[PDB]
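Here's the structure we're looking at; comments come further down.
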2 protein chains.
Amino acid sequence: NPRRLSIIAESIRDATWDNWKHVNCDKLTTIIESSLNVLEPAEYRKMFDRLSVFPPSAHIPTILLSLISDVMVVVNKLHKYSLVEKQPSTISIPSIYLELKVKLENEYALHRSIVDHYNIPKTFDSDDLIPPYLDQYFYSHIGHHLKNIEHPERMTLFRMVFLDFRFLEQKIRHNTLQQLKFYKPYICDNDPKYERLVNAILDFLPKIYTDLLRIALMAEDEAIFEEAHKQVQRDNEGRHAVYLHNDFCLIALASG
Amino acid sequence: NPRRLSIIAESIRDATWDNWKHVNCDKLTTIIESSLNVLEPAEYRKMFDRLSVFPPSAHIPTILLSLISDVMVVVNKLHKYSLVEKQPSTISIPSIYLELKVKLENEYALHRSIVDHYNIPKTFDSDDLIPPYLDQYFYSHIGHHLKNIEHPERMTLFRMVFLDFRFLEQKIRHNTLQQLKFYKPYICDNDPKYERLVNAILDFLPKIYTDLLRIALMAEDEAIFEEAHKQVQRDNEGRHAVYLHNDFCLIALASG
């Protein structure tokens, strides 16, 4: 937006990166909070502060905010102001409102939120490894929250040691790098056995019903086949995001 | 009207079912009451609240309105305002104000109202099993009131054991269709021994003075013949719809 660019440019002359992200946390936050001041604080601001846990680029279902027609009427009026855009039927937030104001101001509800960010995903456990995930939230945003809560859920709920979530993520998303972005920045104290085992998994992961279990059989060195057994019991690079009508291709000299 | 339609569409666009009947409990109930603010609670609103005991869309007799001529002029001026249309002398109620206006707001006058709603039919009892039911109200309301009060009065005045209701309702409605709607859900208050007998007679009911006696004679395991003996002491589906004549007809392909 023009005002953010103008204020950032003016701040830079009096650093291109310090004033770009660090400074102006007390000038821009002033005007955006002045705009915020229109809302009734008791009911609205608290619900807004509940929303800090979401990824900066994220869409929000109604049940999650309900945990954290009253809720839908409330979000309706907050949208009516200019603070929460609803679409048919996830809901998202303006970033200019998202990553600046509530980023600065927050209580320790994060834990009460984040355990709820474990409470409902734990309920989303099915007989098989087919849980009713949400396409954008349960597939993507779950990694942040599961890393936020604790370690042991990392070796179970992200199903990296499992196999089904791979199929779910791949088939529902079209696509792969967006998983790697969650495969690398998600390696915490998950012990030597997994630190390294999931790294061996990740080395193979970019290299590509019965097909998935058969290919898991090859990685016998990893426990992937170990649970592929229970599942059956119960081209280096390829682009498909462009579907059809393509002619020619070529590659950067500088390997870029 | 183009007020409830407009507000319901607004609420739905801002769930087609929650906003249909469940939501708007604060915005369809304010307006449905704000319009009624021109009245007084001493005489009008009190009896109007008492009238909530009646079905969502049905009638009200003069005498039963009396026990729950002053009432007559009261409902006359209420008709004048806009509360209770008076017709020749059955009287019916608007469904909007009976249903969405007074359902949420109700004081515990139901006990006296329903005990009176039992007392009047008990007074409306004869030596034989011919009670002085009014044409429409009593036939369509004694079942509800009996289910409201207790099971033995249902056992008596439903006349599942007696045979006279089977004649009176069928020959005063033309049909037994609504008699089946009485029998099917009104099972709760009795005893399961009576309930299985009512199940058997309910199964017998859609299949079909002295003729009724002969029909009841065939059913020997039920008390209907047992009472039919005192009454005399003291086929397949048939519609009969258009009163002039009928030319052609057919059944839907999907049995629908």
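Counting neighbours? That spans all protein chains shown, and the Cβs are built from the backbone with ideal geometry, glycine included. Since every read-out is calculated from the coordinates, none of them should be taken as a lab result.
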Check your understanding: Across the range B:56-65, what is the total count of residues that are in contact with a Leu (Cβ under 8 Å, 6 or more places away or on another chain), under 28 Å from B:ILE8 (Cβ atoms) and crowded, with 16+ Cβ neighbours inside 10 Å?
Key -> 1
Check your understanding: Among the numbered criteria (1) closer than 22 Å to A:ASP128 by Cα; (2) part of a helix (DSSP H, G or I); (3) acidic (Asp, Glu), which single criterion is violated by A:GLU195?
Key -> (1)
Exercise for review: Might you check whether a residue that is out of contact with any helix residue (DSSP H, G or I) (no Cβ under 9 Å at 6 or more places or on another chain) and within 14 Å of another protein chain (Cβ to nearest Cβ) occurs anywhere in the range A:53-67?
Suggested key: no
Review point. Across the range B:1-19, what is the total count of residues that are within 13 Å of another protein chain (Cβ to nearest Cβ) and either loosely packed, with under 13 Cβ neighbours inside 10 Å or of a type in the set (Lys, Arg) (or both)?
Key: 4
Study note, to complete from the structure: Scanning the range A:69-86 for residues that are surrounded by fewer than 15 Cβ atoms within 10 Å (Cβ to Cβ) and more than 13 Å from chain B (Cβ to nearest Cβ) gives A:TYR81, A:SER82, A:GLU85
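Scanning for something touching a helix residue (DSSP H, G or I) at 6+ places or on another chain (Cβ under 7 Å) and under 25 Å from B:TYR108 (Cα atoms), does the range B:2-18 turn up at least one residue? Write out each step before concluding.
Step one: list which residues in the range B:2-18 are touching a helix residue (DSSP H, G or I) at 6+ places or on another chain (Cβ under 7 Å), which gives B:4, B:7-8, B:11-12, B:14.
If we keep only those that are under 25 Å from B:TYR108 (Cα atoms) as well, we get none.
No, that holds for no residue.
Here are B:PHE182, B:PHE162: which of them is in a loop (DSSP other than H, G, I, E, B), surrounded by 13 or more Cβ atoms within 10 Å (Cβ to Cβ) and not hydroxyl-bearing (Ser, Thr, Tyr)?
Of B:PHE182, B:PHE162, the one residue that is in a loop (DSSP other than H, G, I, E, B), surrounded by 13 or more Cβ atoms within 10 Å (Cβ to Cβ) and not hydroxyl-bearing (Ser, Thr, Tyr) is B:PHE162.
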Check your understanding: Quick one: in the range A:87-103, which of the residues that are surrounded by 16 or more Cβ atoms within 10 Å (Cβ to Cβ), part of a helix (DSSP H, G or I) and out of contact with any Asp or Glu (no Cβ under 7 Å at 6 or more places or on another chain) is nearest to the other protein chains (Cβ to nearest Cβ)?
Key -> A:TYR97
Review point. Give me the pairs: first residue in the range B:223-249 and part of a loop (DSSP other than H, G, I, E, B), second residue surrounded by fewer than 12 Cβ atoms within 10 Å (Cβ to Cβ), beta-carbon distance under 9 Å, and six or more apart or on different chains, which are they?
Key: B:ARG234/B:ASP127; B:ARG234/B:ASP128; B:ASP235/B:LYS207; B:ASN236/B:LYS207; B:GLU237/B:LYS207; B:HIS240/B:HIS174
Check your understanding: Which one is nearest to the other protein chains (Cβ to nearest Cβ) among residues in the range B:29-46 that are more than 26 Å from the chain's Cα centre (by Cα) and among the hydroxyl-bearing types (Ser, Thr, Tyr)?
Key -> B:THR30
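Could you say which residue among B:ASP26, B:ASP49 is of a type in the set (D, E, K, R), within 14 Å of chain A (Cβ to nearest Cβ) and surrounded by fewer than 18 Cβ atoms within 10 Å (Cβ to Cβ)? Explain how you work it out, then say what you get.
Numbers: B:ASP49 fails: within 14 Å of chain A (Cβ to nearest Cβ).
That would be B:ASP26, the only listed residue that is of a type in the set (D, E, K, R), within 14 Å of chain A (Cβ to nearest Cβ) and surrounded by fewer than 18 Cβ atoms within 10 Å (Cβ to Cβ).
Can you give me the number of residues within the range A:121-155 that are part of a helix (DSSP H, G or I) and either exposed (fewer than 13 other Cβ atoms within 10 Å of the Cβ) or basic (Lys, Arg) (or both)?
Of the range A:121-155, the ones part of a helix (DSSP H, G or I) are A:121-123, A:137-149, A:152-155.
Cutting the leftovers down to either exposed (fewer than 13 other Cβ atoms within 10 Å of the Cβ) or basic (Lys, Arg) (or both) gives us A:122-123, A:147, A:152, A:154.
Residues in the range A:121-155 being part of a helix (DSSP H, G or I) and either exposed (fewer than 13 other Cβ atoms within 10 Å of the Cβ) or basic (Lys, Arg) (or both): 5 in total.
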Practice item. With respect to B:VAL75, determine if the residue is under 27 Å from B:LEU146 (Cα atoms), touching a strand residue (DSSP E or B) at 6+ places or on another chain (Cβ under 7 Å) and assigned to a helix (DSSP H, G or I). Key: yes
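Can you find a residue that is in contact with a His (Cβ under 8 Å, 6 or more places away or on another chain) and in a helix (DSSP H, G or I) anywhere in the range A:41-53?
Taking the range A:41-53 and keeping what is in contact with a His (Cβ under 8 Å, 6 or more places away or on another chain), we get A:53.
Right, trim to in a helix (DSSP H, G or I) and you get A:53.
Yes, the range A:41-53 contains a residue that is in contact with a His (Cβ under 8 Å, 6 or more places away or on another chain) and in a helix (DSSP H, G or I).
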